[PDB]
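So the structure is just underneath, and the comments pick up after that.
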Amino acid sequence: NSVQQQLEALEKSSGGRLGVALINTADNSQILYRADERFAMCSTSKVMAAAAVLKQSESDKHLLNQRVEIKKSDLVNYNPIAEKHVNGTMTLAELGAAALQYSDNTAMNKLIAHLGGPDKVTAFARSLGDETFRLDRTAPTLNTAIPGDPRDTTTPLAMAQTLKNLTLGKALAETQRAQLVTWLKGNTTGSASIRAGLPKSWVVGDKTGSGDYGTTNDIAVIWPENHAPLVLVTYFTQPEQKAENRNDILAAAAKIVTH
Ligand SMILES: CC(=O)OCC1=C(C(=O)O)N2C(=O)[C@@H](NC(=O)Cc3cccs3)[C@H]2SC1
Ligand SMILES: *C(=O)[C@@H](NC(=O)Cc1cccs1)[C@@H]1N=C(C(=O)O)C(=C)CS1
Ligand SMILES: O=C(O)Cc1cccs1
């Protein structure tokens, strides 16, 4: 059975809608599955917000060390790092790290607020040539992931192209690119997702998302030992609002497209 047939079968048995875009940077070849369909990004959108702040830092050498005050009233539904810092400060760099490596929603909201709102994240994506990405809401509501809702969505192909540019391409100056990569490589939330479908010793940087409608996402850059990098987006969503998340489906998709 072909890769396409395998993805079709995985999707059908899983009881959802699967979106996959793999870019092989060895030859610029692609494996696409529903790659032009919109999906709710959920917390994968934090990559774009963190990168937007990194872009700003290219013209302000003091930005990443700027103090941000964390109040009790800033806490939302999931904030394992920010809650440790209530009544204190975190730097913008520390907020980027917390957002990316722990999926701290308070940290995401501080990045968005610093930028001037969700629309500023959209404008940053557009500045990278991504005509597809849109950020409309803050956390937690950006994770509602309602079928057919365009808010806070992108397509697998658009996100793969932009993640490639961010991490391996033209988007950021070198120090900032390297910082983004360091953050992604140190993610703690992705064990059971794309990483689980790959050789254990491959280096991976990724950002997950989990939302309503059992929406389960991961976007990754993958560094094989003897090959050029791969960029992989796996998005998955289901028909029932209260559905369980399905990290294993992302692992399976990763295994299929790297087999
Ligand atoms: C850490 C995490 O939450 O993993 C997602 C998950 C997955 C997955 O795909 O990774 N799922 C499974 O493999 C499903 N588990 C079951 O269907 C087992 C059952 C439990 C209760 C009745 S059936 C769901 S249970 C939830
Ligand atoms: C990002 O996806 C974010 N998800 C949520 O806050 C969950 C919801 C909020 C409203 C409806 S559902 C955080 N990300 C992680 C992750 O990266 O997977 C989570 C596991 C949940 S918190
Ligand atoms: O407590 C407040 O309302 C303001 C803050 C100062 C420092 C962290 S939060």
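Note: ideal-geometry Cβ built from the backbone for every residue, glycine included; neighbour counts use all protein chains shown. Values quoted throughout were computed directly from the atomic coordinates according to the rules given, and no laboratory measurement underlies them.
So that you can scan it fast, the table gives a plain yes or no per residue for (1) hydrophobic (A, V, I, L, M, F, W, C); (2) part of a loop (DSSP other than H, G, I, E, B):
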residue: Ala171; (1), (2): yes, yes
residue: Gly190; (1), (2): no, yes
residue: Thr208; (1), (2): no, no
residue: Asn226; (1), (2): no, yes
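Contact list please: Cβ distance under 6 Å, first residue in segment 224-251 and in contact (Cβ under 8 Å) with a residue 40 or more places away in the chain and under 29 Å from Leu168 (Cα atoms), second residue more than 9 Å from ligand 1 (Cβ to nearest atom) and of a type in the set (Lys, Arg), pairs at least six apart or on different chains.
Short answer, once both residue conditions are applied: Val231/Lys164; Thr237/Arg17.
Go through segment 94-140 residue by residue and tally those that are part of a helix (DSSP H, G or I), of a type in the set (S, T, N, Q) and over 18 Å from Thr208 (Cα atoms).
Counting residues in segment 94-140 that are part of a helix (DSSP H, G or I), of a type in the set (S, T, N, Q) and over 18 Å from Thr208 (Cα atoms) gives 2.
If I ask for residues that are of a type in the set (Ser, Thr, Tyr) and within 16 Å of ligand 1 (Cβ to nearest atom), which ones from segment 217-259 would you list?
Result: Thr234, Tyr235, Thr237.
Out of all the residues in segment 175-184, is one or more of a type outside the set (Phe, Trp, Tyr), crowded, with 20+ Cβ neighbours inside 10 Å, part of a helix (DSSP H, G or I) and free of Cβ contacts under 8 Å to residues at least 60 places away in the same chain?
Within segment 175-184, not a single residue is of a type outside the set (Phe, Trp, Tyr), crowded, with 20+ Cβ neighbours inside 10 Å, part of a helix (DSSP H, G or I) and free of Cβ contacts under 8 Å to residues at least 60 places away in the same chain.
Taking only pairs six or more apart or across chains, which ones have beta-carbon atoms under 6 Å, a first residue in segment 10-26 that is among the basic types (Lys, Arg), and a second residue that is not in a helix (DSSP H, G or I)?
That search, which allows pairs on different chains as well, returns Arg17/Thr237.
Could you look through segment 79-96, keep only residues that are in contact (Cβ under 8 Å) with a residue 24 or more places away in the chain and surrounded by fewer than 21 Cβ atoms within 10 Å (Cβ to Cβ), and pick out the one that is farthest from ligand 1 (Cβ to nearest atom)?
Taking the candidates together, the pick is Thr91.
Might you check whether a residue that is touching a residue at least 12 places away in the same chain (Cβ under 8 Å), of a type in the set (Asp, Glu) and part of a strand (DSSP E or B) occurs anywhere in segment 149-164?
No.
For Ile222, indicate whether it is among the β-branched types (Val, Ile, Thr), away from ligand 2 (no atom under 16 Å from the Cβ) and not in a loop (DSSP other than H, G, I, E, B).
On the way: among the β-branched types (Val, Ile, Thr): yes; away from ligand 2 (no atom under 16 Å from the Cβ): yes; not in a loop (DSSP other than H, G, I, E, B): yes.
Spelling it out, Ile222 is indeed among the β-branched types (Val, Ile, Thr), away from ligand 2 (no atom under 16 Å from the Cβ) and not in a loop (DSSP other than H, G, I, E, B).
For residues in segment 244-259 being surrounded by fewer than 19 Cβ atoms within 10 Å (Cβ to Cβ) and within 15 Å of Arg17 (Cα to Cα), which is nearest to ligand 3 (Cβ to nearest atom)?
Once the filter is applied, the top-ranked residue is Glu244.
For segment 185-201, name all the residues that are surrounded by fewer than 21 Cβ atoms within 10 Å (Cβ to Cβ), polar (S, T, N, Q), in contact (Cβ under 8 Å) with a residue 24 or more places away in the chain and over 13 Å from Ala99 (Cα atoms). Please lay out each step first, then the result.
To start, the set of residues in segment 185-201 that are surrounded by fewer than 21 Cβ atoms within 10 Å (Cβ to Cβ) comprises 185-186, 188-189, 191-192, 196, 198-201.
With polar (S, T, N, Q) added as a condition, the list becomes 188-189, 191, 201.
The next check asks that each one be in contact (Cβ under 8 Å) with a residue 24 or more places away in the chain; those that pass are 188-189, 201.
If the condition is that a residue be surrounded by fewer than 21 Cβ atoms within 10 Å (Cβ to Cβ), polar (S, T, N, Q), in contact (Cβ under 8 Å) with a residue 24 or more places away in the chain and over 13 Å from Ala99 (Cα atoms), then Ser201 is the only one that fits.
Consider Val53 carefully, then state whether it is under 30 Å from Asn247 (Cα atoms), in contact (Cβ under 8 Å) with a residue 60 or more places away in the chain and part of a loop (DSSP other than H, G, I, E, B).
Against the criterion (under 30 Å from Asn247 (Cα atoms), in contact (Cβ under 8 Å) with a residue 60 or more places away in the chain and part of a loop (DSSP other than H, G, I, E, B)), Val53 does not qualify.
Give segment 165-218 a look and list any residue that's within 25 Å of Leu18 (Cβ to Cβ) and among the polar types (S, T, N, Q), or say none.
If the condition is that a residue be within 25 Å of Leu18 (Cβ to Cβ) and among the polar types (S, T, N, Q), then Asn165, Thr167, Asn187, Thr188, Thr189, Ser191, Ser193, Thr208, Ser210, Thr215, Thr216, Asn217 are the ones that fit.
Which members of segment 77-113 meet the condition of being within 16 Å of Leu135 (Cβ to Cβ) and within 14 Å of ligand 2 (Cβ to nearest atom)?
Correct list: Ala99, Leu100, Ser103, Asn105, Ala107, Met108, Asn109, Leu111, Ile112.
If I ask for residues that are under 15 Å from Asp119 (Cβ atoms) and either within 16 Å of ligand 1 (Cβ to nearest atom) or under 14 Å from the mean Cα position of the chain (by Cα) (or both), which ones from segment 130-149 would you list?
Listed by number, the residues that qualify are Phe133, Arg134, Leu135, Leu142.
Let me spell it out: the conditions are (1) more than 17 Å from the chain's Cα centre (by Cα); (2) more than 30 Å from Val257 (Cα to Cα), and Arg34 meets all of them except one. Which number is the exception?
That leaves (2) as the condition not met.
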